[PDB]
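Notes follow once the structure below has been shown.
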Amino acid sequence: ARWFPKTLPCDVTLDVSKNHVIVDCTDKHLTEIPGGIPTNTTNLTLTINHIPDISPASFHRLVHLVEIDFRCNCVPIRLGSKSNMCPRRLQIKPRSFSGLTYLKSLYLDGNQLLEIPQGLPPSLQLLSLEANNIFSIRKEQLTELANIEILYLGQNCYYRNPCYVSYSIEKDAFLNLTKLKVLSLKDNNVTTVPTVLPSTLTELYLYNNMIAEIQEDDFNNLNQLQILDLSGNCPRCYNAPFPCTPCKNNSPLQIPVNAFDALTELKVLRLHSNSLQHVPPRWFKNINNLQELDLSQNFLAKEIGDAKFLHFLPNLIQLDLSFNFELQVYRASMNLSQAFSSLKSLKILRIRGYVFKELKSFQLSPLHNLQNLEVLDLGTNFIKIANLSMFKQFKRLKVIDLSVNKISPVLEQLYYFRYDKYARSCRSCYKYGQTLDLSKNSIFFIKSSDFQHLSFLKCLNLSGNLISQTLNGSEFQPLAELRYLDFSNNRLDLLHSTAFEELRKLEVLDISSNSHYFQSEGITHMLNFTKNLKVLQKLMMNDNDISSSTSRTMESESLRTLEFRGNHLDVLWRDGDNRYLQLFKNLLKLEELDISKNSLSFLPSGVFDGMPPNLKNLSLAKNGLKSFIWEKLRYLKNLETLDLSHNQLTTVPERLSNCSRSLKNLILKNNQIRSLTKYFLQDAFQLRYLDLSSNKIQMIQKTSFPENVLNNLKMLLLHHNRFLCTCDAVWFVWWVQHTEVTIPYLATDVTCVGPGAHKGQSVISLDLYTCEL
Amino acid sequence: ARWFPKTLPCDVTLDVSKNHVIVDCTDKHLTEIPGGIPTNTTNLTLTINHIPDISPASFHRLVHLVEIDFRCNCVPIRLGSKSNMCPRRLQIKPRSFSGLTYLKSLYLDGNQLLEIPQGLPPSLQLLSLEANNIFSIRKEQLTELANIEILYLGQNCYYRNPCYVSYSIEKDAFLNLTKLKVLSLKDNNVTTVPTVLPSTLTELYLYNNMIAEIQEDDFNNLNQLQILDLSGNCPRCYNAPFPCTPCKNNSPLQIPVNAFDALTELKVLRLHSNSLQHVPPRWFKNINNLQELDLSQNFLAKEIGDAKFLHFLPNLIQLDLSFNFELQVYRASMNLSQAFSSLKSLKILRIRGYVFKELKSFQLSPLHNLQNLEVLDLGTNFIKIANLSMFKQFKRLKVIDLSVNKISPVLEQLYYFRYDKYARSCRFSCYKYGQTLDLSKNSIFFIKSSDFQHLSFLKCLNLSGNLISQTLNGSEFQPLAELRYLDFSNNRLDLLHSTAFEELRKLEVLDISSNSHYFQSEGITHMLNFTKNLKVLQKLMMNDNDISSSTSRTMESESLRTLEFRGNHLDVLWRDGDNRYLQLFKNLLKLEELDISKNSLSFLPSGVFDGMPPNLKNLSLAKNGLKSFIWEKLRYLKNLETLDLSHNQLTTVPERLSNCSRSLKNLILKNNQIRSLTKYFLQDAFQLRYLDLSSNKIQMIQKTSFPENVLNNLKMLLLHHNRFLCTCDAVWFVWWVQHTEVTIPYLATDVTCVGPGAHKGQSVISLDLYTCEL
RNA sequence: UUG
RNA sequence: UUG
Ligand SMILES: *[C@@H]1O[C@H](CO)[C@@H](O[C@@H]2O[C@H](CO)[C@@H](O)[C@H](O)[C@H]2NC(C)=O)[C@H](O)[C@H]1NC(C)=O
Ligand SMILES: *[C@@H]1O[C@H](CO)[C@@H](O[C@@H]2O[C@H](CO)[C@@H](O)[C@H](O)[C@H]2NC(C)=O)[C@H](O)[C@H]1NC(C)=O
Ligand SMILES: *[C@@H]1O[C@H](CO)[C@@H](O[C@@H]2O[C@H](CO)[C@@H](O)[C@H](O)[C@H]2NC(C)=O)[C@H](O)[C@H]1NC(C)=O
Ligand SMILES: *[C@@H]1O[C@H](CO)[C@@H](O[C@@H]2O[C@H](CO)[C@@H](O)[C@H](O)[C@H]2NC(C)=O)[C@H](O)[C@H]1NC(C)=O
Ligand SMILES: CCCCc1nc2c(N)nc3ccccc3c2n1Cc1ccc(CN)cc1
Ligand SMILES: CCCCc1nc2c(N)nc3ccccc3c2n1Cc1ccc(CN)cc1
Ligand SMILES: *[C@@H]1O[C@H](CO)[C@@H](O)[C@H](O)[C@H]1NC(C)=O
Ligand SMILES: *[C@@H]1O[C@H](CO)[C@@H](O)[C@H](O)[C@H]1NC(C)=O
Ligand SMILES: *[C@@H]1O[C@H](CO)[C@@H](O)[C@H](O)[C@H]1NC(C)=O
Ligand SMILES: *[C@@H]1O[C@H](CO)[C@@H](O)[C@H](O)[C@H]1NC(C)=O
Ligand SMILES: *[C@@H]1O[C@H](CO)[C@@H](O)[C@H](O)[C@H]1NC(C)=O
Ligand SMILES: *[C@@H]1O[C@H](CO)[C@@H](O)[C@H](O)[C@H]1NC(C)=O
Ligand SMILES: *[C@@H]1O[C@H](CO)[C@@H](O)[C@H](O)[C@H]1NC(C)=O
Ligand SMILES: *[C@@H]1O[C@H](CO)[C@@H](O)[C@H](O)[C@H]1NC(C)=O
Ligand SMILES: *[C@@H]1O[C@H](CO)[C@@H](O)[C@H](O)[C@H]1NC(C)=O
Ligand SMILES: *[C@@H]1O[C@H](CO)[C@@H](O)[C@H](O)[C@H]1NC(C)=O
Ligand SMILES: *[C@@H]1O[C@H](CO)[C@@H](O)[C@H](O)[C@H]1NC(C)=O
């Protein structure tokens, strides 16, 4: 179907609308720029390779390159792989870029460069040099960058990539860059705000440096500035998970009261981890546009109960005061100044790490009339006592976050404590409505009154509490509109089949990782509790170690998805015991069933007949299946996806069309298949996806793989097999080289293991002409 | 060093004292009895193979055979592998055994036999026919067994191996087996006690059958009987995890009051799952020797509060009354009859599954003066309330088990609900510290010192798997002055205070594994230097805590010898560039054993080995995804004896292991990616004793890598499951493997050529390389 | 392989 | 692969 096989080890893509030819060679173990890159190439990406140098030969004929991404071909030692350390810094020979007349973006990050590469074309808008060893900026080296708009220089001098001196920037180095909009000098051992900066700046990133003081006029001309990040100068170092040096004398980052006067356009101000003890209202006298203010990780515990500066912030959307607690202090309660009530525009308020024992309704009163308040985050506060009914006054919020507290009767898991949460790399129930997140607390017992006045709730997260209780349907009575209950990581005791039946609008129920009572013999479990839940769509009961059930069927008219992974259906379906072979049969509208990780080394006859009639996607992954009667797939008349990955199957069916006329997606990766049957895919016409990767296949012949089926395949995975590239393989090699069908990893892992001559050689590159002499 | 390589695929052992030549061919994928079995073979085992028949050729030369274990060469379908189903039942041709004049033991279990094999020699003492399809016993077929003493016929007709009829035994079938001592007819669809049985019986196993009634004279002559098991006739089927049919009308197994009158020798009586509602004292009128009585899984809840029969059992050692609760009943308390006080010899009392809300001191008063009482088991009772101080009257006990209850302010996990807990297979803890109070798997969320008032005698406390989500500050355990072992695993400990546990001043072992909760949230203070206070602490387990951060930078101990730190994130604590935690273990001065496997250590930052404490001898870095390893750094570990690097991603071994560690004795490199050894790998490694190179990708081994003065010290050398290339370049290695005394497991099974073509799949032990010397 |  |  192709006249000329593509042999280039890079994905090539055409976006003809913007006349972009995109050539992506990311992570192809390349030691040279491959020959044959299309001459019309616009975007060329060579990240994560081991190309030791650039030269005029590199892009010689690539004259229409608008973007070169050449990052991480020599990552600095501590940042890169220790099993493949780069031996010598990337070498850029003169004239490597002067010919690239159309070049708009050049990425050279993580190449251990010692200096700003010169000879760059005047068309260049974006230059990126992060994670090199460039720690002295001189005006002379920047003249070439007249038209530059975006310049990334950070991570060139910090604990993970040290330069062992202070960063140096010459007076007015950036001033004649008259179009420069974004300047990032983060994570760099900088000691003062460089001046003067061009007044065209929109974004200035100076965080994680050694700037001890702000001069009044450091930001005098920056009347177009919209984002300023000064975080991590004089860091608060308590429990820092990276090496952290505080400013001497317990000093804060000193900012004169008028320092921001010119920043009339400022939208985002980040002062995280500057050891601040006070927030002078004078800072904000001439910024009324401010929308986002990060004051997390300072020492503003007292200031939170005063906070006059808030009166100057009527347009603020986001306010973060997390982790301002005083060391060794466990406050009784939360003192929020009344000044908070003047935050007319506030949608998002975050005060984790305030650290206090009792949350009481009136302490939140300053928030009562903030009409736009969508998120209230009081997590990681070690709150012991909170009458949940106080949130009757917060029905308008989208998320009330009390996660990780000690209550009893989405941000990344490392977020407030990571060094650079915006660092670049070399390469949930909120949607249901009002969410009360109580996850990771100490709730041991629940009763209906605990949820008094909270009938508006759509999602309740009780995951990771200590609830060890037989629910009989009486515990959630107020939660009349609840659509989503996360009850995972508790110790539910399904003694009563009336559990959860009061949650009459419940659509999704997670009772995963409630294995405690299931792992002790002789205890009653009612798995038919689903019959009462008339609108239940999705039920998760993963990792419960279920090996026994008092009831023999689960029943639902509504349930479409059942996750039953990590249980012991091998015990329930012990050969000879027929009692549970229709456990799922009366889930009449069930479409998706996950019974991976159930130790099902075989499937007793009757399991398939016992499946409910509308099953579409069935996972049997990770079972150690050593055999499989493919013919029994005939019972699964609506089966579209069959996941058999990570098992021990050695054969495929003689005729897949004779096993299922509906099957579209067959995942057989990570098995032990050594050969295909003679007529495997014969007449399997709307088969569309076939994963045979990570098996031990040596040969594939045309009878097993007729082209009338292969041409309909959205994707066909064959990588990591044991292909023998002898003359018997002539059809398969020819087809792989000329096919339109998508086959991932042809450049990297579709390989001959022999015969000797061809060992380790890619099938895409293989020349079998000697077979036709 | 051997003139004749051993090529037989079976382990051979000589026990010269007992004149035994033991040949074990268990699980060798054999389709025929291997040739070359020693002619002096006494014990021959061929279990788990697929030898389709036996014939006079089978044991032709093996005339001194005392034991043949030929089990599971054709296991019944539901019992066997579903990937390798046996196609046809084992065929035994005539006179296959009649020549084995010394044959004392014959096992033919799991072969789908239809009949009792004939022609057996009269020397036979033990015949085993479990898991076949023999379900009709006729006196004629038993004449050959004149001298038989032990006869196993069970598991021939039950749900996993059905015969679809009742078991049949001809009247007096066994009577003329005048030496018969043990008779097992369990799991067989038997409907009556076969009679008459020979009076020589010592053990009678009739459990899991369909016997609804015992005739009064069923055991009339069994005056030597010591063990009688009638369990599982009229079973109690509630929550049974196997198919279970009760006797109609909820009837119990009916036993006449005089049924046991002849059993004056009875030591063990098992009436488990017989749906009993009463235990008539008349049963035990002439059994005064009884030591073990299992009455679990009946309906004896009422009877436990009356239990007059206990007055007839002064010699009883074990009494099991577990799982007698009435269905749907949650009693307020445990009513134990005063009759319990007459169990003067009782060592072990088990009453799980009574099901009651409140345990109070006086309810155990019938037990107070049982002087020999060692074990009191009240687990799986859903007890909600118990003043632990009541056990101050029980300091003589060895184990007090309140496991799996709901208390708040060693048996197999499947045991009482298992079908046949003594079922044979085809192939074949802190109690030692002193008084143990097991509170594991309860609902304890908060502990305070007074909870343990009056229990200073305790040596071990098991709090595993509670809900304790508390900052221990040294005040919670104050009465436990003699505690040697605290299992605090699977809780939510909050190590805010470095004074946690410091009140346990005699503590030798502390398990705080799987307390990951507070370690999983950023910015929380964790004091790992809490160890300084524990002056006699030997062993610390803190596995699977997900530790990725620590406020303190060193742990300190003068006493700690073993630290388990597996399943944490030392990769994060030792991030390249961060030096603060590189001496985390350095001041554990007496530490000899460190497990830091499963810590995602894909590389080791420089400074880790220098930072190890000076006496470390046993170090595990297993299961880290280690992709590289500077072997030279082992030089810092001057007392290292065992290095476990299994299940990693290493591709090379050091050029000279002796130049890396002068102390290393045990080097575990199994399950890595090693493709070749260095030229002089083991040169002068005089302290090497154990070397596991199995499950790698080695193609070739040359003599320079494996000097013979090092190999001769090796207690063991593992090489199986590599990718050995059996060309003429491999002549040294093939010759050496064939002629070496060194122990190398799996030469018959998994030391194999992958090529060249001709030799693919062949064992190197069997490989003939003469063409390389023409 | 810029966490 | 007798649980
Ligand atoms: C291909 O490269 C071009 C050139 O850098 C990328 O286009 C730029 O995208 C950013 C995104 O906002 C714009 O600000 C620039 O102005 C764009 N430049 C041009 C010339 O249009 C494009 O995103 C890249 N695409 C791919 C798939 O790599
Ligand atoms: C950041 O710059 C400081 C200089 O202010 C570096 O500190 C010097 O480091 C050298 C070598 O380690 C010492 O000999 C000097 O005494 C240090 N000077 C001072 C004033 O401390 C520091 O190492 C740099 N940090 C990084 C990560 O590059
Ligand atoms: C070898 O076979 C003999 C005979 O079958 C075994 O001897 C029996 O051992 C059991 C258990 O150890 C004793 O209780 C019996 O009294 C012995 N029976 C006879 C008839 O002597 C012996 O154990 C076997 N040894 C090995 C290593 O397989
Ligand atoms: C145990 O024996 C009973 C009866 O002795 C068998 O039950 C009969 O089974 C046949 C075939 O399945 C049925 O048609 C009869 O109705 C049953 N009879 C009675 C009285 O129940 C039973 O199959 C046997 N069990 C096993 C495991 O072999
Ligand atoms: C964001 C807080 C980091 C420090 C910290 N860690 C913990 C912890 N692991 N457990 C606690 C348990 C209860 C109260 C406070 C803390 C606490 N705290 C706060 C705290 C620590 C110590 C003290 C002195 N009692 C008061 C408050
Ligand atoms: C060995 C016990 C098997 C049956 C069982 N299962 C459970 C269970 N999952 N949770 C309980 C929780 C409290 C009390 C009893 C049970 C119980 N029980 C006993 C029981 C169940 C139900 C009732 C009536 N509420 C009384 C007693
Ligand atoms: C909690 O507050 C609600 C009103 O918001 C009140 O009805 C209820 O009684 C309170 N409960 C407790 C224990 O204070
Ligand atoms: C509930 O909270 C936990 C955090 O502990 C989170 O992992 C989970 O995704 C949440 N559930 C939903 C439905 O968002
Ligand atoms: C369910 O249990 C709750 C809590 O103990 C109790 O208030 C209620 O009476 C019970 N409901 C039913 C229907 O048994
Ligand atoms: C669940 O099934 C059990 C069968 O053991 C029965 O006792 C109970 O009534 C059933 N309940 C529901 C809600 O289906
Ligand atoms: C205990 O139960 C027995 C038998 O049911 C009865 O005779 C006795 O009076 C009961 N005693 C107590 C204290 O409950
Ligand atoms: C528990 O019993 C002991 C007597 O052994 C007594 O000292 C203590 O007060 C009791 N505690 C409670 C809570 O009943
Ligand atoms: C404590 O009990 C747990 C839970 O039953 C058990 O796994 C553990 O091995 C016990 N610990 C000791 C030291 O015996
Ligand atoms: C430790 O905590 C316990 C329980 O909260 C308390 O009784 C005691 O005063 C505390 N002791 C110290 C030394 O902090
Ligand atoms: C443990 O180390 C911390 C240092 O962060 C110190 O504050 C504390 O007092 C130490 N405690 C002990 C018992 O060494
Ligand atoms: C080394 O320690 C491991 C546990 O970490 C133990 O299993 C092994 O037997 C020990 N080896 C020696 C030789 O002491
Ligand atoms: C390693 O070998 C070299 C050369 O034999 C020797 O100089 C050096 O001292 C040795 N080091 C150790 C630790 O044995």
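All residue names refer to the structure tokens as shown: chains lettered A, B, ... in order, residues numbered from 1 in each chain, ligands numbered from 1 in order.
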Practice task
Please identify every residue of chain B that has at least one atom no more than 7 Å from any atom of chain A, counting only C-alpha atoms, and report them as number ranges by chain.
Solution key: B: 78, 82-83, 159-160, 239, 241-243, 414, 417, 467, 522-523, 525, 549, 551, 576-578, 603, 627-628
Practice task
Tell me, as an MDAnalysis selection string, which residues lie within 12 Å of residue A:320, counting only C-alpha atoms (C1' of nucleotides); anything in the same chain fewer than 6 positions away does not count.
Solution key: chainID A and resid 268:273 291:298 300 304 346:354 375:378 416
May I have the residues from that selection written out with N, CA, C and O atoms, as a compact mmCIF listing (two decimals), in the first residue's frame?
# COMPACT_ATOMS: atom_id res chain seq x y z
N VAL A 268 -0.69 38.33 38.69
CA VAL A 268 -0.26 37.22 39.54
C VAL A 268 0.96 37.65 40.34
O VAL A 268 1.96 38.11 39.76
N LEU A 269 0.90 37.49 41.66
CA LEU A 269 2.04 37.77 42.52
C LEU A 269 2.32 36.56 43.40
O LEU A 269 1.47 36.17 44.21
N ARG A 270 3.52 35.99 43.27
CA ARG A 270 3.90 34.79 44.00
C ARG A 270 5.02 35.10 44.98
O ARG A 270 6.18 35.29 44.58
N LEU A 271 4.68 35.12 46.27
CA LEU A 271 5.61 35.29 47.38
C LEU A 271 5.53 34.08 48.30
O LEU A 271 5.24 34.20 49.50
N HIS A 272 5.79 32.91 47.74
CA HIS A 272 5.77 31.66 48.49
C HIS A 272 7.15 31.44 49.09
O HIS A 272 8.16 31.65 48.42
N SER A 273 7.20 31.06 50.37
CA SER A 273 8.47 30.74 51.01
C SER A 273 9.46 31.90 50.91
O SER A 273 10.52 31.80 50.29
N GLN A 291 -5.16 39.29 40.78
CA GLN A 291 -6.10 38.18 40.80
C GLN A 291 -5.60 36.97 41.58
O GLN A 291 -6.39 36.33 42.26
N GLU A 292 -4.30 36.67 41.51
CA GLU A 292 -3.72 35.50 42.15
C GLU A 292 -2.59 35.92 43.08
O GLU A 292 -1.60 36.53 42.62
N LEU A 293 -2.69 35.57 44.37
CA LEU A 293 -1.65 35.91 45.34
C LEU A 293 -1.29 34.69 46.19
O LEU A 293 -2.12 34.20 46.97
N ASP A 294 -0.05 34.20 46.03
CA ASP A 294 0.47 33.08 46.81
C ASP A 294 1.29 33.62 47.97
O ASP A 294 2.34 34.23 47.76
N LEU A 295 0.81 33.38 49.20
CA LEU A 295 1.55 33.71 50.41
C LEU A 295 1.79 32.47 51.26
O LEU A 295 1.94 32.56 52.48
N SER A 296 1.83 31.31 50.62
CA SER A 296 2.06 30.07 51.35
C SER A 296 3.52 29.95 51.78
O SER A 296 4.44 30.50 51.16
N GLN A 297 3.73 29.20 52.87
CA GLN A 297 5.06 28.92 53.40
C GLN A 297 5.77 30.18 53.86
O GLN A 297 6.94 30.41 53.56
N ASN A 298 5.06 31.00 54.61
CA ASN A 298 5.74 32.08 55.30
C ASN A 298 5.46 31.93 56.79
O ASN A 298 5.20 30.82 57.25
N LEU A 300 2.95 33.86 58.54
CA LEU A 300 1.84 34.80 58.58
C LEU A 300 0.71 34.33 59.48
O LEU A 300 -0.44 34.75 59.29
N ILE A 304 -2.82 36.47 59.68
CA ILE A 304 -4.10 36.00 59.13
C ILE A 304 -5.29 36.55 59.92
O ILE A 304 -6.36 36.78 59.35
N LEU A 346 -13.32 36.73 45.25
CA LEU A 346 -12.59 35.50 45.58
C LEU A 346 -13.36 34.24 45.20
O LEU A 346 -14.45 33.99 45.72
N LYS A 347 -12.76 33.41 44.34
CA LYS A 347 -13.27 32.06 44.09
C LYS A 347 -12.58 30.99 44.91
O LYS A 347 -13.26 30.06 45.37
N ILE A 348 -11.27 31.11 45.17
CA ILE A 348 -10.45 30.02 45.70
C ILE A 348 -9.66 30.53 46.88
O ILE A 348 -8.84 31.45 46.73
N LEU A 349 -9.87 29.92 48.05
CA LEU A 349 -9.15 30.27 49.26
C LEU A 349 -8.53 29.00 49.83
O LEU A 349 -9.23 28.00 50.00
N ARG A 350 -7.23 29.04 50.09
CA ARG A 350 -6.51 27.86 50.57
C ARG A 350 -5.75 28.21 51.84
O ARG A 350 -4.93 29.14 51.85
N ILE A 351 -6.05 27.49 52.92
CA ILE A 351 -5.30 27.68 54.15
C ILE A 351 -5.01 26.32 54.76
O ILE A 351 -5.47 26.01 55.87
N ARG A 352 -4.23 25.50 54.04
CA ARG A 352 -3.68 24.31 54.66
C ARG A 352 -2.59 24.69 55.66
O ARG A 352 -2.02 25.78 55.61
N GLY A 353 -2.29 23.78 56.58
CA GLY A 353 -1.17 24.02 57.49
C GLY A 353 -1.30 25.26 58.36
O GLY A 353 -0.29 25.86 58.75
N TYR A 354 -2.53 25.64 58.69
CA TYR A 354 -2.72 26.62 59.75
C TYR A 354 -2.54 25.96 61.12
O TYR A 354 -1.95 26.56 62.03
N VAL A 375 -13.95 27.32 46.15
CA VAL A 375 -13.09 26.31 46.77
C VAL A 375 -12.64 26.81 48.13
O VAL A 375 -12.06 27.91 48.24
N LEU A 376 -12.87 26.02 49.17
CA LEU A 376 -12.34 26.32 50.50
C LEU A 376 -11.52 25.11 50.94
O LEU A 376 -12.06 24.01 51.11
N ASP A 377 -10.21 25.30 51.07
CA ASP A 377 -9.24 24.24 51.31
C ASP A 377 -8.65 24.46 52.69
O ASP A 377 -7.85 25.39 52.88
N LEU A 378 -9.06 23.64 53.66
CA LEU A 378 -8.52 23.72 55.01
C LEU A 378 -7.80 22.42 55.38
O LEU A 378 -7.73 22.04 56.56
N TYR A 416 2.91 21.93 48.05
CA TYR A 416 3.41 23.03 48.87
C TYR A 416 4.86 22.83 49.28
O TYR A 416 5.51 23.80 49.69
Practice task
as a ChimeraX atom specification, please: all residues of stretch 233-304 of chain A that backbone DSSP puts in strand (DSSP E).
Solution key: /A:268-270,292-294
Practice task
For atom CA of residue A:410 and atom CA of residue B:516, quote the distance in Å rounded to one decimal.
Solution key: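 Atom CA of residue A:410 sits 21.4 Å away from atom CA of residue B:516.
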Distance query residue D:2 at most 6 Å, only C-alpha atoms (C1' of nucleotides), self and fewer than 6 positions along chain excluded, as a PDB file with N, CA and C atoms, in the first residue's frame:
ATOM      1  N   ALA B 131      -8.041 -39.845  46.113  1.00  0.00           N
ATOM      2  CA  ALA B 131      -8.255 -39.039  44.907  1.00  0.00           C
ATOM      3  C   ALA B 131      -8.212 -39.879  43.638  1.00  0.00           C
ATOM      4  N   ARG B 424      -4.164 -34.148  52.036  1.00  0.00           N
ATOM      5  CA  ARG B 424      -2.802 -34.285  51.561  1.00  0.00           C
ATOM      6  C   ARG B 424      -2.672 -33.653  50.177  1.00  0.00           C
ATOM      7  N   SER B 425      -1.488 -33.134  49.880  1.00  0.00           N
ATOM      8  CA  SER B 425      -1.202 -32.534  48.586  1.00  0.00           C
ATOM      9  C   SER B 425      -0.407 -33.509  47.742  1.00  0.00           C
TER      10      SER B 425
END
Practice task
Name all residues at most 9 Å from residue D:3 (count only C-alpha atoms (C1' of nucleotides); drop same-chain ones fewer than 4 positions away) and give them as number ranges by chain.
Solution key: B: 418-425
Exercise for the section: Using only C-alpha atoms (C1' of nucleotides), find the residues of chain B whose closest atom to chain D is at most 12 Å away, then write them as a ChimeraX atom specification. Expected result: /B:26-27,29,47-50,71-86,108-112,128-132,152-158,160-161,186-187,412,414-415,418-428
Exercise for the section: Output as a ChimeraX atom specification all residues of stretch 328-531 of chain B that backbone DSSP marks as helix (DSSP H, G or I). Expected result: /B:338-342,361-367,388-394,431-433,449-452,517-520,528-531
Chain B near ligand 4 within 12 Å: what's each residue's closest atom pair and its distance in Å to one decimal, counting only C-alpha atoms and all ligand atoms, ordered by chain then ascending residue number, as a tab-separated table?
residue	atom	partner	partner_atom_place_in_ligand_line	distance
B:133	CA	ligand 4	28 (O)	10.1
B:134	CA	ligand 4	28 (O)	11.4
B:135	CA	ligand 4	28 (O)	9.3
B:155	CA	ligand 4	27 (C)	9.7
B:156	CA	ligand 4	28 (O)	8.5
B:157	CA	ligand 4	28 (O)	4.8
B:158	CA	ligand 4	27 (C)	3.7
B:159	CA	ligand 4	27 (C)	4.2
B:160	CA	ligand 4	27 (C)	7.2
B:161	CA	ligand 4	27 (C)	6.6
B:162	CA	ligand 4	28 (O)	3.8
B:163	CA	ligand 4	28 (O)	4.0
B:164	CA	ligand 4	23 (O)	3.5
B:165	CA	ligand 4	2 (O)	4.0
B:166	CA	ligand 4	5 (O)	3.7
B:167	CA	ligand 4	2 (O)	7.2
B:168	CA	ligand 4	5 (O)	9.8
B:187	CA	ligand 4	27 (C)	8.8
B:188	CA	ligand 4	28 (O)	7.6
B:189	CA	ligand 4	1 (C)	5.0
B:190	CA	ligand 4	1 (C)	8.0
B:191	CA	ligand 4	5 (O)	7.9
B:192	CA	ligand 4	5 (O)	11.5
B:208	CA	ligand 4	27 (C)	10.7
B:209	CA	ligand 4	1 (C)	8.7
B:210	CA	ligand 4	1 (C)	7.8
B:211	CA	ligand 4	5 (O)	11.1
B:242	CA	ligand 4	27 (C)	11.8
B:243	CA	ligand 4	27 (C)	9.7
B:244	CA	ligand 4	27 (C)	10.3
B:245	CA	ligand 4	21 (O)	9.9
B:246	CA	ligand 4	21 (O)	11.8
B:247	CA	ligand 4	21 (O)	11.6
B:248	CA	ligand 4	21 (O)	11.9
Exercise for the section: Just the residues within 10 Å of residue A:652, please, counting only C-alpha atoms (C1' of nucleotides), with nothing from its chain fewer than 6 positions along; format it as an NGL selection string. Expected result: :A and (627-630 or 668 or 673-677 or 680-681)
Practice task
Produce as an NGL selection string the set of residues near ligand 11, where near means within 12 Å with only C-alpha atoms (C1' of nucleotides) and all ligand atoms considered.
Solution key: :B and (277-278 or 300-308 or 331-339 or 360 or 362-366)
Write the selection just made, keeping C-alpha atoms, as a compact mmCIF listing (two decimals), in the first residue's frame?
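The result, stored in result-v7.txt:
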# COMPACT_ATOMS: atom_id res chain seq x y z
CA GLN B 277 -27.54 -29.53 69.71
CA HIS B 278 -26.64 -31.54 72.83
CA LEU B 300 -24.03 -25.99 71.00
CA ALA B 301 -24.52 -22.35 72.04
CA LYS B 302 -27.03 -23.31 74.79
CA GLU B 303 -25.05 -26.41 75.76
CA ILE B 304 -21.93 -24.31 76.39
CA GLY B 305 -23.79 -22.72 79.31
CA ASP B 306 -24.69 -26.14 80.78
CA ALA B 307 -22.14 -28.66 79.49
CA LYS B 308 -22.51 -31.36 82.13
CA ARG B 331 -25.70 -12.39 72.54
CA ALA B 332 -24.96 -9.85 75.27
CA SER B 333 -22.31 -11.98 76.97
CA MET B 334 -20.61 -15.35 77.21
CA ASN B 335 -22.30 -17.87 79.49
CA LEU B 336 -19.67 -20.52 80.29
CA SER B 337 -21.08 -23.23 82.57
CA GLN B 338 -19.33 -23.86 85.88
CA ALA B 339 -18.66 -27.38 84.58
CA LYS B 360 -16.55 -9.40 81.53
CA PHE B 362 -16.60 -13.04 85.97
CA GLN B 363 -17.71 -14.87 82.81
CA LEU B 364 -14.23 -16.45 82.70
CA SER B 365 -14.32 -17.43 86.38
CA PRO B 366 -15.02 -21.12 85.55
